[PDB]
Amino acid sequence: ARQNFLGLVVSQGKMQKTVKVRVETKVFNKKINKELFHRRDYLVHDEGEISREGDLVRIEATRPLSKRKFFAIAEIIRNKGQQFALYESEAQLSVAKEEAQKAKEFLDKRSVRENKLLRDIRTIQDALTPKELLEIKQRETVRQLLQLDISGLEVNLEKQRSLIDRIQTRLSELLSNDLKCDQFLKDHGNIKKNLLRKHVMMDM
Amino acid sequence: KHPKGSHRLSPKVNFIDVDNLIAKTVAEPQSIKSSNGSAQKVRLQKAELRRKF
RNA sequence: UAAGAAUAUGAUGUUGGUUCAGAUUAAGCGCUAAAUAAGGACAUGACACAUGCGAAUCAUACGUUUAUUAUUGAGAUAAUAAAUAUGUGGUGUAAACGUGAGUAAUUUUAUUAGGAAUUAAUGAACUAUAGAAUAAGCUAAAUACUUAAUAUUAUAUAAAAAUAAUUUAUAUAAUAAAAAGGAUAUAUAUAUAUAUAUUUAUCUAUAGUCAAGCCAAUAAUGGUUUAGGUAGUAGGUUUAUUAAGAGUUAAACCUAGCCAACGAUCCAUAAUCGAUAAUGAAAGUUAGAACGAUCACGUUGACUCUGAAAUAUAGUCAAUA
RNA sequence: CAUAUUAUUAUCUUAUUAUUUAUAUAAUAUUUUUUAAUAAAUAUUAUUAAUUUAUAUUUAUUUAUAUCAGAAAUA
Ligand SMILES: [Mg+2]
Ligand SMILES: [Mg+2]
Ligand SMILES: [Mg+2]
Ligand SMILES: [Mg+2]
Ligand SMILES: [Mg+2]
Ligand SMILES: [Mg+2]
Ligand SMILES: [Mg+2]
Ligand SMILES: [Mg+2]
Ligand SMILES: [Mg+2]
Ligand SMILES: [Mg+2]
Ligand SMILES: [Mg+2]
Ligand SMILES: [Mg+2]
Ligand SMILES: [Mg+2]
Ligand SMILES: [Mg+2]
Ligand SMILES: [Mg+2]
Ligand SMILES: [Mg+2]
Ligand SMILES: [Mg+2]
Ligand SMILES: [Mg+2]
Ligand SMILES: [Mg+2]
Ligand SMILES: [Mg+2]
Ligand SMILES: [Mg+2]
Ligand SMILES: [Mg+2]
Ligand SMILES: [Mg+2]
Ligand SMILES: [Mg+2]
């Protein structure tokens, strides 16, 4: 049959209907007693101009097509070159969209700072109103206005710790007394250990 | 798509029909016989031996 | 189936080179040399060459020339004998032989169980079968030359699949392209023709042999103190030419490529290789004289005819002698 | 500074050959229109041979391109 080679497209788009395919073959170098890879670059015909740099393609022998072209792409084994071009094109629009979005967000935050404390707390506490109550409204309550973010973090942290510790305690207890774990396995439906942990974790 | 002036497939392998190869390479005289002359007899013997071989 | 030795040093160990022991030759030279058998023999000036030979053969292609017999009257024609290739013809010298100048890969070599352009209505010269072998003109005549007669591919329809093409079958189109007679016998008839045959030749077609053309992959010396090279250059699209692909060659249009520090380009050097020779334990290294294989050349260069195939040891022109 | 060989060319010259334009009362064959010497039978009618004419195949003439090889220059 025809000579066939597998290679990487290493240069495309610089010649009309021609690409450069780098192929490698196993040779024995007796001077160093080693199996080596011998590399070569082929000028290869590409009807349709479907290949791109970085594709893994199979080239097949043909009639002479020019002074140096004797092979043609017979099949695209792997098409990373086309994928690279696709992502190149897509990223152009993808990036610019959120680039405009976050610039808008930055400008809005700047304006919020532009049109922009202790005085308000003094007025709310002492007056507890002289046309200032509704003016504050436009911006039990002294506390909820003074609500730092750290408190929510601590509540979430205690929730996380409780969940982990409870899951582990329940798992150890069920693995200890192995009758009730069977009870629970037939209630919910060495693999039994993993399935038991699954049921306990969904349990809470 | 293969190159413009090329053939996509390797040429069609043409298997030998030995009966036809014999029929065309060495066919026997379709005329029944002539059986005259001397050199004609020598040539007939040589031809049949060559064909048989 | 792998052996070392002498020489450093005041002495020692080590490094390190030099040299030696072994085999061999396309060998030369010095001294010496009995017979026989076998294998070889200008490596240098691809320098110049006296002289003689190395490719002729065919008379059953056509023409000439004699002598006897016969008939006819200086000759004519038959039969039988001969001589003739200083006349026209055919076949044979693309081989073999020799040589190694060029050639470092633009066509060279080696290898592959490699390819396609799917290499032509090509046989060169033998087989196996078939069918033909017709007229003039020209030469003195002809199997010499002319002219004329007769004898796969492209379309379209389908079929399939080894399928995105090929193959198959059919129908057309044109294919549409030849030739040759001599030597003997007889048999007719009226020396003349003719009809058969036995011979050896001619042409055409199919297949087989033998063979040719082209391409790919890998490998093939030294110098980068030759580092950049390349504009038909690298690629695309057509046309021309070819049996046939390709910037192969010619023409046009484009694109701006291609090679290169894993060494391009350039320069120098060299015919290449083996189941050949040498050597070594072997890997290898060397040779390429002999045996064989391949290439190139036949005083130097280019071109052309013929031919299937030639820049032919041919022919033309030029150079050298 | 002198001698030699090899290569290259926006240069000059150039055998040969192949293509390439254009020209021939240019030739040899076929086609005409005509002019010449023969034939035969009874004014000829046909043959052979020249004139003019238009298609092929050649030669002469040149146009253009390429080309052995020289010359000049450069390496
Ligand atoms: Mg091309
Ligand atoms: Mg000493
Ligand atoms: Mg020695
Ligand atoms: Mg001898
Ligand atoms: Mg010699
Ligand atoms: Mg020699
Ligand atoms: Mg004779
Ligand atoms: Mg003669
Ligand atoms: Mg020869
Ligand atoms: Mg020889
Ligand atoms: Mg040589
Ligand atoms: Mg005749
Ligand atoms: Mg003849
Ligand atoms: Mg070139
Ligand atoms: Mg071309
Ligand atoms: Mg061109
Ligand atoms: Mg180099
Ligand atoms: Mg040499
Ligand atoms: Mg050598
Ligand atoms: Mg030899
Ligand atoms: Mg020799
Ligand atoms: Mg020669
Ligand atoms: Mg000589
Ligand atoms: Mg020569």
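A, B, ... follow the sequence lines: proteins, then strands. Residue 1 opens every chain.
Here C:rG235 presents its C1' atom at 11 Å from CD of A:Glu49, a figure rounded to the nearest Å. Atom CZ in B:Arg43 sits roughly 15 Å away from atom P in C:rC126 (whole-Å rounding). Atom CG of B:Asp19 is separated from atom P of C:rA128 by 21 Å (rounded to the nearest Å). Going from atom CZ of A:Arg2 over to atom P of C:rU118 covers 13 Å, rounded to whole Å. At whole-Å resolution of the value, CG in B:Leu44 and P in C:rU198 are 13 Å apart. The nearest whole Å value for the distance from the NZ atom in B:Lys12 to the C1' atom in C:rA164 is 13 Å. As rounded to whole Å, 15 Å separates atom P of C:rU196 from atom CG of B:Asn36. In this entry the distance linking NZ of A:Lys69 with P of C:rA117 reads 15 Å, nearest Å.
In this structure, A:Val27 reaches neither bases nor backbone, as no heavy-atom distance under 4.0 Å exists between it and the strands shown. Using a 4.0 Å heavy-atom distance criterion, A:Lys31 is classed as making no nucleic acid contact.
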Inset, instruction - Evaluate the side-chain contact (heavy atoms from CB on, under 4.5 Å) criterion for residues A:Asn29 and A:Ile32: first the C-alpha distance (whole Å), next the side-chain angles of each, then the deciding distance (0.1 Å), finally the verdict. - result: CA-CA 6 Å; A:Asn29 191 334; A:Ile32 60 162; 3.6 Å; yes

Inset, instruction - Report the C-alpha separation of A:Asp182 and A:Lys186 in whole Å, then their side-chain angles, then the decisive distance to 0.1 Å, and conclude whether the salt bridge (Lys or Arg N to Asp or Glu O under 4.0 Å) test is met. - result: CA-CA 6 Å; A:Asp182 287 339; A:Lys186 48 158 182 293; over 6 Å; no

Inset, instruction - Quick one: do B:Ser34 and B:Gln40 satisfy side-chain hydrogen bond (donor to acceptor under 3.5 Å, both in side chains)? Show the steps, please. - result: CA-CA 9 Å; B:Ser34 177; B:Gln40 184 177 2; 2.9 Å; yes

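Under the rule for a side chain to side chain donor-acceptor pair (under 3.5 Å), the partners of A:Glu135 that lie at least two apart in sequence or sit in another chain are A:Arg139. Qualifying side chain to side chain donor-acceptor pair (under 3.5 Å) partners for A:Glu173, counting only residues two or more places apart in sequence or in other chains: none. Under the rule for a side chain to side chain donor-acceptor pair (under 3.5 Å), the partners of A:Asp41 that lie at least two apart in sequence or sit in another chain are A:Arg22.
Pairing status of C:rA117 against C:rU71: not a Watson-Crick or G-U wobble pair with both distances under 3.5 Å. A Watson-Crick or G-U wobble pair does not link C:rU19 to C:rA309 when both relevant atom distances must lie under 3.5 Å. Pairing between C:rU25 and C:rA270: absent (Watson-Crick or G-U wobble, both distances under 3.5 Å). Using the rule of two distances under 3.5 Å, C:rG284 and C:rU279 count as a Watson-Crick or G-U wobble pair. Remark: C:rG10 does not pair with C:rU194, failing the Watson-Crick or G-U wobble criterion at under 3.5 Å for both atom pairs. Taken together, C:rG114 and C:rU118 fail the test for a Watson-Crick or G-U wobble pair, since the two needed distances are not both under 3.5 Å. Geometry at C:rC62 and C:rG87 meets the Watson-Crick or G-U wobble definition, both required distances lying under 3.5 Å. Between C:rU14 and C:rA162 there is no base pair of the Watson-Crick or G-U wobble kind with both of its two distances under 3.5 Å. C:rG298 and C:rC97 make a Watson-Crick or G-U wobble pair, with both donor-acceptor distances under 3.5 Å. The bases of C:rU157 and C:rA6 do not line up as a Watson-Crick or G-U pair with both contact lengths under 3.5 Å.
Relative to the side chain of A:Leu43, the nucleotides C:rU198, C:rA234, C:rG236 differ in distance, and C:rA234 lies closest.
The two residues B:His7 and A:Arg2 have their closest heavy-atom pair at O-NH2, 2.9 Å. Of all the heavy atoms in A:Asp46 and A:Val19, the pair that sits closest is OD2-CG1, 3.8 Å.
Relative to the six-membered ring of A:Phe28, A:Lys34 misses at least one condition, a distance below 6.0 Å or an angle of at most 45° to the axis.
For the side-chain hydrogen bond (donor to acceptor under 3.5 Å, both in side chains) condition, no pair includes a residue of residues 92-101 of chain A, sequence neighbours left out. Applying the ring pair (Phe, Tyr, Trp, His ring centres under 6.0 Å) test to every pair with at least one member in residues 1-20 of chain A, sequence neighbours left out, gives these pairs: A:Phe5-A:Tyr42, A:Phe5-A:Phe71.
C:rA219 and C:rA104 have their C1' atoms separated by 13 Å, given to the nearest Å. C:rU65 and C:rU186 are spaced 29 Å apart, taking the P atom of each and rounding to whole Å.
Contact annotation: B:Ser6 side-chain N/O to C:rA116 OP1/OP2 distance is not under 4.0 Å.
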Could you run down the sub-3.5 Å N/O contacts of the protein with nucleotides 260-263 of chain C?
none

Inset, instruction - Treat primed atoms plus P, OP1 and OP2 as sugar-phosphate and everything else as base, then score nucleotides 214-220 of chain C 5' to 3': B for base contact with protein heavy atoms under 4.0 Å, S for sugar-phosphate contact only, - for none. - result: -SBSS--

Inset, instruction - Using a 4.0 Å heavy-atom cut-off, write out nucleotides 201-210 of chain C from 5' to 3' as B (base contacted by protein), S (sugar-phosphate only) or - (no contact). - result: -----SBS--

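The stretch residues 45-53 of chain B touches RNA chain C through B:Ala47, B:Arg50, B:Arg51, each having a heavy atom under 4.0 angstrom from the strand. Contacts between residues 7-19 of chain A and RNA chain C, defined by a heavy-atom separation under 4.0 Å, are made by A:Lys14, A:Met15, A:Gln16, A:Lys17, A:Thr18.
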Legend entry - 5'-to-3' dot-bracket of RNA chain D (Watson-Crick, G-U; under 3.5 angstrom; crossing pairs as [ ]; | other strand): .....((((.(((...(((...((.(((((...(((((((...)))))))...)))))))...)))..)))))))

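South is the pucker assigned to the sugar of C:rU224, its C1'-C2'-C3'-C4' torsion being negative.
Here A:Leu117 is tied to no hydrophobic group at all, with no ILVMFWY side chain closer than 4.5 Å.
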